[PDB]
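Quick notes on the structure that follows.
Numbers restart at 1 for each chain; the letters A, B, ... are given by sequence-line order, proteins then strands. No hydrogens, no waters, no symmetry mates; every other heavy atom, side chains included, goes into these values.
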Amino acid sequence: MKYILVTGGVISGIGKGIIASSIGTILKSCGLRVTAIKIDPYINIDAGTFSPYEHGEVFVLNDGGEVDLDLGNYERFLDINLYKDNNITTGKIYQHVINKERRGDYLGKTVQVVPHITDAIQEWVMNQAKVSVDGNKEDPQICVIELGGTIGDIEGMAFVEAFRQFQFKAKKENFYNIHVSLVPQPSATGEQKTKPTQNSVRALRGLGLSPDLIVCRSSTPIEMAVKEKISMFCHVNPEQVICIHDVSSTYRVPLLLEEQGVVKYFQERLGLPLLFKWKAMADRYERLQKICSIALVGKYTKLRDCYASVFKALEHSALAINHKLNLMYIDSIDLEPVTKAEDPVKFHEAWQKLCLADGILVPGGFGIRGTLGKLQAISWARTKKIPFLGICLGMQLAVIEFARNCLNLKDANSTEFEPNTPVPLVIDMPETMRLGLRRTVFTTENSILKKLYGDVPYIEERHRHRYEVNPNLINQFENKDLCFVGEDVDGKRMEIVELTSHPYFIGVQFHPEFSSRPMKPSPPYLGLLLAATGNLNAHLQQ
Amino acid sequence: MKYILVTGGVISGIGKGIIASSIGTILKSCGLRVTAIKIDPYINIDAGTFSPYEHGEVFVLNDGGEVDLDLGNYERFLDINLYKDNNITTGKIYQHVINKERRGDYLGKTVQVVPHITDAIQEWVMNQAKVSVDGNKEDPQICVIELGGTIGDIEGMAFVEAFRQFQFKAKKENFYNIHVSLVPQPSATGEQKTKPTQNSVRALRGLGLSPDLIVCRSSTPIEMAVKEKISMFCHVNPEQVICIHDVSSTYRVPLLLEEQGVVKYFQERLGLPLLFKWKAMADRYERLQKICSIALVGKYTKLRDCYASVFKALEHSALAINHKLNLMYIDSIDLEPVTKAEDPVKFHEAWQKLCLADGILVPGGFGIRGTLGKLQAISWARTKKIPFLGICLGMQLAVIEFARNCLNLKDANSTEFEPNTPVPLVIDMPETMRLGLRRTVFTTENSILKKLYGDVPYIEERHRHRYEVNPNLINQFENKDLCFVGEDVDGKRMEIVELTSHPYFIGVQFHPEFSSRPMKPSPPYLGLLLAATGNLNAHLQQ
Amino acid sequence: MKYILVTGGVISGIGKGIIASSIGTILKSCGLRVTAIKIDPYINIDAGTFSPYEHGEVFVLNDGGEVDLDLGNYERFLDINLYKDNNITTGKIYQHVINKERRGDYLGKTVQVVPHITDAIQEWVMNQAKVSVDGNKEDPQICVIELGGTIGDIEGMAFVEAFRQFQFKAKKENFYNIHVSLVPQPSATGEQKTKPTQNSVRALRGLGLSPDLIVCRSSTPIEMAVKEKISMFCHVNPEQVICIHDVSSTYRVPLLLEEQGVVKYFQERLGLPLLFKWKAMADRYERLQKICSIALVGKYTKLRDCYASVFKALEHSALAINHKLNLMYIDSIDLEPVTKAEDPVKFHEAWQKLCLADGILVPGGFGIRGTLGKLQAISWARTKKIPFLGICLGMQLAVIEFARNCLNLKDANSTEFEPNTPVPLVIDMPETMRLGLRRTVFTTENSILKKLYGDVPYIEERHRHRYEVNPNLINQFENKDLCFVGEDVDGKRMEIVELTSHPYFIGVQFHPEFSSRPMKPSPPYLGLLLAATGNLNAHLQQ
Ligand SMILES: CCOc1cncc(-c2ccc(C(=O)NC3(c4csc(NS(=O)(=O)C5CC5)n4)CC3)nc2)n1
Ligand SMILES: CCOc1cncc(-c2ccc(C(=O)NC3(c4csc(NS(=O)(=O)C5CC5)n4)CC3)nc2)n1
Ligand SMILES: CCOc1cncc(-c2ccc(C(=O)NC3(c4csc(NS(=O)(=O)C5CC5)n4)CC3)nc2)n1
Ligand SMILES: O=c1ccn([C@@H]2O[C@H](COP(=O)(O)OP(=O)(O)OP(=O)(O)O)[C@@H](O)[C@H]2O)c(=O)[nH]1
Ligand SMILES: O=c1ccn([C@@H]2O[C@H](COP(=O)(O)OP(=O)(O)OP(=O)(O)O)[C@@H](O)[C@H]2O)c(=O)[nH]1
Ligand SMILES: O=c1ccn([C@@H]2O[C@H](COP(=O)(O)OP(=O)(O)OP(=O)(O)O)[C@@H](O)[C@H]2O)c(=O)[nH]1
Ligand SMILES: NC(=O)CC[C@H](N)C(=O)O
Ligand SMILES: NC(=O)CC[C@H](N)C(=O)O
Ligand SMILES: NC(=O)CC[C@H](N)C(=O)O
Ligand SMILES: [Mg+2]
Ligand SMILES: [Mg+2]
Ligand SMILES: [Mg+2]
């Protein structure tokens, strides 16, 4: 096997996941079966505990793993599906080692970080790198390991020590360390500063890893003097120092690595014998003259990474229909009448952006905060015939609103927001949390989604929810405009709803965005973009 | 005595010198006599060896110290004059300690970094902090020490160890550590990243210093969440974390520290009882509607810091006459006919900027590179009657040009550019280098500079030159338009020249820019700005 | 070329110089021409400034280098003669780099530890390793570099960084790092503790060197469990972990390395094709039943390392005549009547040891402290016919005493102890200090030393002195028992004196001990050991 370790130097937020994913898609073009592992040095077992504002969107895997968004980037660049154990955390490692100790598996000897934690990491990495994520009954050739955090993070030091050892178990032909670092330029009249990269590589060397490649992130391109200053003071050849400046799209990041010679480096060092798909999507993305204005009405809008996969799925869809996406992130609390009292400028900005909405997206979330603002946007969408996609909570709120406003059941809500709701429409219906891949079956042939999903009887989609539509109260909707077109295989759960009277007003209980790929956009997001540009009927008839 | 130690975290180029200078001018307003020390962890004894591209302009002190530009910032914010020993370097320390060892001053014991290097630093700091730079026969109250470099720089670690010890010799009431750090934001849709500041403070704590203040440099203002994240993870109270965002001028940096509570902190901690001058200059700077376009025709233009003091002296002058400065930095090699062959777009950009020149500045430099381009600009200035200031080399080149073009001595040059020049006009005339403060005497009453300098008989100005006008060949100029109005006290050196036939064509052999202050602009630069705006005759008659 | 770097872990005083020397003599037996370099991370240029109590005896080289005793160990194990530049210090490096900077040799760039100090070290090491110390007109094959200090010493970190770089300039076949560490055992009922060795190797790895060999110093032999614990936690194979327990002699240390497999390791790794001399001397040393009791009457007795080379020269001599050496170190201040008042038990112990003296040695030193005690011992030796060797000061004191007690010139002394001595017998006679190799010529055929030195006309011996016998006052001695048998080639200096009336009372102005080798004992020390055992006349007639 081959292993690539991507390390981060100065700060985490430099697109180290996109570098790792781009390295993977380059190797994939070179004919390697690629898997990926994300190491997150946090003590948390899973991302299911997190606020979105902390690390971005909680990505959901088929097995019900709640993990970091970087696992989603692997799945978008490489058409793989990952498992829980492709996320390693300090929590998982320390728990595993503790559990072994209590059984006596360490033979009455003192358990300590070296060897026992570092051995657990190596064991995990070896054994999970052998697991097929590619959908082939064949072990992959190469694992890209991303070491999340920075090389200054004390929690990460066990992992770097593990990789120091692993570099001398697996041979130097099998192990490549890539170091992603920031080169800041505080003003355009000042130089690009290399010192943080020098200092970071000195730390990395102190922990026993030598960069094979150093990936210098900057705004503007790196000057040759600055490249030589990195070469000298990081003790590395100029061929190994690559410049990843800011660009138009992720689609160009593989190409920029190709241009900077990374493909050649890997071909030489691995002994191999292209990115035309990437270049096609990249060049196409520039040439788009048309705009689709989509409103994302989201409580977590304060950091755009909180809706990363959702935005990506819109862009996949928008690219496929040759439109630019104007994604109007609207903080839903600004649409609420509270903000009309307290800060009315934000309210009339938010509602103006909602007027300019060619389509409306109401993504998921947990809690009652911002939920009245979501209901305002859904009311607007329903009545003014503006294309609507509701995901999880956005389905629940649409069903609730239709009950309130069209069935006159104004008392209707969820047992999340008001537990003692008079007519409990949206109830907790556990399996625990309905988490991971589940089979949803269509029970209405004339549904728009069935056609978009390719006239299939069932779909398998990723869920992350506790609450459901209360199956008795479905009788209220029975012969009205709002039809529950998709159910679970066990029938008692409604997982898709459509308004029959609207061009596109779709609620799905699942999260389609996790299943979205560049050359296979998630059908619900496609329908939205199509409807918003009138092209829906054309696409359906074609 | 009191000591303030300003340390830098992530990178040096964050304006740590301006922070240190602003701290000084705040304390000066609080009635303290302030001195300053710059520590430069380089092995170089002095900056006299440097290329300008390395560390910026070589600042010259009255005693003939060739030092860093940060010593010039102290002199501009605090109306002090510094000495050689206010620059400490690793070179100076190690040499001093070596010289002591050879004499036997360390009593036959093994000389090592702790104690002997760290003791030498403490000795130097104590004894030089007692030296009056303020022009008063009274020892100062407070020393601001700037530790240049970063807290990751291995050369600096001896100094940090020295200050750890010094903090326990001088008491905690006498010693304040300020830490200046970068908080980067790689995109405006991403968060402000604190991790480099956390990591830097952890290093600083590891070396035994605790920040009293942490000065977070960013582009945009720091969010309260980010301020709290610094407070928690740097283990410091929110009152100690101050935000220095980007602003219009240096004039606002003292005020921003005042607003962020630094003045209050120092008043409380030092037990003291305002910046109205700074606020006046700041608010005035914004309100300027008029523009003066000055051409700086300079070989070192590639980094603007290579002409820092010169630019500052122009801005002092421009502010005093209520004009904005458009400083057109022109790389002089672009004006040369070589670039008309090789890259003619740069040539016609450069010459266009030279057409738009309300005044021309030809600053100093060493070597023949770019010098033909300087001669092109001086020829333009002389003939088209555009206001000219030549500094050192710019005087030499003007005298050379007048000989070539007005006395027809086309063979005339310096013994620097062509040693075996037929008529050696500009010769090496050592004292070594004419370096530091020298008395220049006016020997022509009707000189423009004498009036600008306040009708004084002599001036004392800072020199840094080897080459002079050859005193025999002065006979060629004797009764022509170009008059040598200023000479040395020993007569044999001509230190100022004027064209009598021009509104303002001045050459000075000294560097007036080092003597420039905000509320006392250097007279040669004033005359340029005045001439370029027609106001010269008005100012002279007033 | 090949390079071996010997590093020390926990403490310096573990015989790291003897390891380095033993490695050299092993390679010498394998047919390699070996040179050596000692790196001393002190800021001192030379050891000429030191007190003996600080680092042991100041060893003198032929060129007049005053260096560490470890250079003397190289010369005793390897029949080489070293030069000044085979001692590298931080002082020498920083001074060289400073001197380059002042000339402008670093081309106007900022001088800093990496690269410029680390490059200076590599330059020095390369160029001095090419120098022939072996007495052959052929460059050596291998340099043993001893990095003095510990791997925790901050002064040494520049050297370790230099060797990290050098390991990647010279190839891995050319560079071997040996790490000498302490394994303490605080009680015999407690385990041998490996943690300091683990921690030291972790530091060494952090600085970018991996041990090829780890040399574990202990009292008792290392247990196999402890050897495996080192193997695991130092991340090294058991073949690389060697046990150097305490043994009878230095003669066994090469053999112990041979047994532990070091010879095999080097044969394999260097690609080579024995220590019978060492084994002969070792086994002979055990079997010695006879004892010679020698008194060393020395002011520096408090640390035996202050007379290291002197003791070694006695042992070389004693081994050659099949006697054990009882070296009675006598602090000369204890023989003085002051100690008869203040602490009379020490006095009567000291004088008892001086009664049991089969021979007396009065070694050199600087100052008047302990010098009256030396005179007491010389008086005893002269009158009671006990074999005497005086070295430098011991010659001066004998000449002084003979003047006092035999010529009745009781006022006679040196201009060192009393500058204004009435009859200044021992005067300062500079060349500076008479330092390094000088030719001494015999001017008396019937001298005992001429015969011992092999009936040669002249000898070349190592000097380190300022003071001499005053050449006018030689007239007092002219026809008496004390004859100046050896002079300088320029005649005006007397460098050897003998009493004609005594079996062996020799003063030499030089230091013969520096020239002593195991299979070539220094003749003055031989004569002492022979005289003390009656064998002198037998050896002379043979
Ligand atoms: C090393 C990183 O360096 C740099 C340097 N400069 C710029 C960027 C950069 C980072 C993020 C984005 C971004 O998110 N762009 C969008 C998109 C569409 S599809 C997708 N991601 S994706 O499906 O995983 C992938 C398989 C196709 N992203 C439109 C939303 N665009 C630019 N990154
Ligand atoms: C902690 C630093 O943080 C920040 C944050 N934001 C911005 C700046 C900033 C840095 C430099 C400059 C600058 O150089 N401005 C000019 C000027 C005129 S006079 C003078 N300097 S001076 O005479 O020493 C001083 C006594 C008056 N500078 C016009 C040339 N302007 C802004 N610095
Ligand atoms: C790695 C060190 O580990 C250990 C472990 N155990 C013991 C010793 C040990 C250290 C010093 C001594 C010592 O000094 N012994 C003497 C002697 C005679 S000759 C000479 N040195 S010599 O001439 O340089 C060399 C070429 C022959 N030394 C009698 C004075 N004896 C034992 N060293
Ligand atoms: O103010 C000062 C004084 C001294 N120095 C010293 O100058 C040397 C260079 O320190 P820099 O921070 O300029 O580093 P660099 O040139 O290697 O990297 P970048 O500019 O690309 O970030 C170091 O030895 C440092 O301590 C400064 O950086 N700044
Ligand atoms: O990709 C990943 C995975 C894990 N982690 C881990 O998350 C934790 C936070 O790491 P961050 O780099 O987010 O640090 P921070 O929030 O303290 O500071 P800034 O964002 O303001 O710079 C650390 O424990 C780190 O190892 C990441 O940073 N990123
Ligand atoms: O009192 C205690 C408690 C805990 N520990 C812990 O036990 C583990 C072993 O710590 P040791 O000091 O026993 O180290 P070791 O066995 O690797 O090496 P030597 O004995 O040969 O020197 C480490 O994780 C340490 O923190 C102790 O050493 N002692
Ligand atoms: N994924 C989501 O949007 C969660 C929605 C809702 N809180 C539930 O648990 O059903
Ligand atoms: N300061 C300068 O501009 C130097 C000018 C010239 N090289 C001299 O030494 O005279
Ligand atoms: N080497 C020594 O013993 C020095 C002796 C005396 N102080 C001299 O210099 O002559
Ligand atoms: Mg963070
Ligand atoms: Mg720099
Ligand atoms: Mg010691």
Side-chain angles (χ1 to χ4, degrees), chain A residues 1 4 17-18 20-29 31-40 45-48 56-89 92 124-146 148 250 277 308-310 312-313 316-317 364 391-392 431 433-440 453-454 456 458-465 489 495 508-526:
Chain A
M1 175 163 273
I4 298 155
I18 298 302
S21 302
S22 296
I23 290 282
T25 209
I26 284 160
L27 294 160
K28 183 188 175 196
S29 82
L32 283 71
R33 299 178 295 284
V34 183
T35 184
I37 291 169
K38 179 82 192 314
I39 288 155
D40 303 57
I45 304 296
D46 55 70
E57 62 91 14
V58 181
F59 194 77
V60 174
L61 301 173
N62 284 356
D63 55 3
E66 290 174 286
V67 298
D68 184 51
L69 78 84
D70 287 340
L71 285 89
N73 284 326
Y74 308 151
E75 294 197 2
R76 295 166 204 135
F77 277 72
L78 321 170
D79 314 292
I80 66 181
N81 279 191
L82 297 175
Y83 308 92
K84 279 168 183 286
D85 302 340
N86 294 83
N87 191 221
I88 306 179
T89 83
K92 287 171 131 166
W124 197 303
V125 161
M126 285 269 284
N127 291 325
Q128 194 61 25
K130 289 191 291 288
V131 172
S132 46
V133 292
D134 324 56
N136 190 3
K137 191 177 177 64
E138 186 176 25
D139 305 17
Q141 288 153 270
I142 194 148
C143 184
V144 181
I145 304 144
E146 185 192 339
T250 36
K277 295 298 212 302
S309 209
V310 175
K312 305 260 183 179
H316 300 155
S317 299
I391 296 118
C392 198
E431 290 186 328
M433 178 119 85
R434 179 158 170 97
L435 185 50
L437 206 73
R438 303 289 181 283
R439 185 169 292 187
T440 303
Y453 277 101
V456 295
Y458 70 80
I459 56 179
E460 295 186 342
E461 275 287 12
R462 303 189 193 177
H463 287 75
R464 181 201 186 211
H465 75 104
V489 57
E495 307 298 64
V508 288
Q509 193 82 263
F510 48 84
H511 285 266
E513 62 270 17
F514 302 153
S515 305
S516 204
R517 310 290 175 249
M519 297 204 162
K520 189 181 180 64
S522 194
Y525 288 85
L526 198 63

Under the 3.5 angstrom rule, does the side chain of [X] hit a backbone N or O of [Y] as a donor-acceptor pair?
{"X": "A:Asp68", "Y": "A:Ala47", "answer": "no"}
{"X": "A:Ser516", "Y": "A:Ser522", "answer": "yes"}
{"X": "A:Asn87", "Y": "A:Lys84", "answer": "no"}
{"X": "A:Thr25", "Y": "A:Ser21", "answer": "no"}
{"X": "A:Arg439", "Y": "A:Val489", "answer": "no"}
{"X": "A:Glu75", "Y": "A:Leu82", "answer": "yes"}

Which pair of non-hydrogen atoms, one from [X] and one from [Y], has the smallest distance, and what is that distance?
{"X": "A:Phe510", "Y": "A:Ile391", "answer": "O-CG2, 3.6 Å"}
{"X": "A:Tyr74", "Y": "A:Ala20", "answer": "CE2-CB, 4.3 Å"}
{"X": "A:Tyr453", "Y": "A:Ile459", "answer": "CD2-CG2, 3.4 Å"}
{"X": "A:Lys130", "Y": "A:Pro140", "answer": "O-CD, 3.8 Å"}
{"X": "A:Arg76", "Y": "A:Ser309", "answer": "NH2-OG, 2.9 Å"}
{"X": "A:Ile80", "Y": "A:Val34", "answer": "CG2-O, 3.8 Å"}

Give a yes or no on this: more than 12 heavy atoms of other residues, nucleotides or ligands lie within 6.0 Å of atom CE of A:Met433.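 Atom CE in A:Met433 is crowded, with more than 12 foreign heavy atoms closer than 6.0 Å.
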NZ (A:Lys277) with more than 12 external heavy atoms under 6.0 Å: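 Check fails, neighbour count at 12 or below.
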Side chain proximity check, A:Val67 to A:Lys38, heavy atoms < 4.5 angstrom: no
Please tell me if the side chains of A:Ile18 and A:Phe77 come closer than 4.5 Å, counting only heavy atoms from C-beta onward. yes
Any salt bridge linking [X] with [Y]? Criterion: basic side-chain nitrogen under 4.0 Å from a carboxylate oxygen.
{"X": "A:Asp79", "Y": "A:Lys28", "answer": "yes"}
{"X": "A:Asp134", "Y": "A:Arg33", "answer": "no"}
{"X": "A:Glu57", "Y": "A:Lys312", "answer": "no"}

Once you measure the plane-to-plane angle for A:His463 and A:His465, does it fall in the parallel (<30°), tilted (30-60°) or perpendicular (>60°) bin? tilted
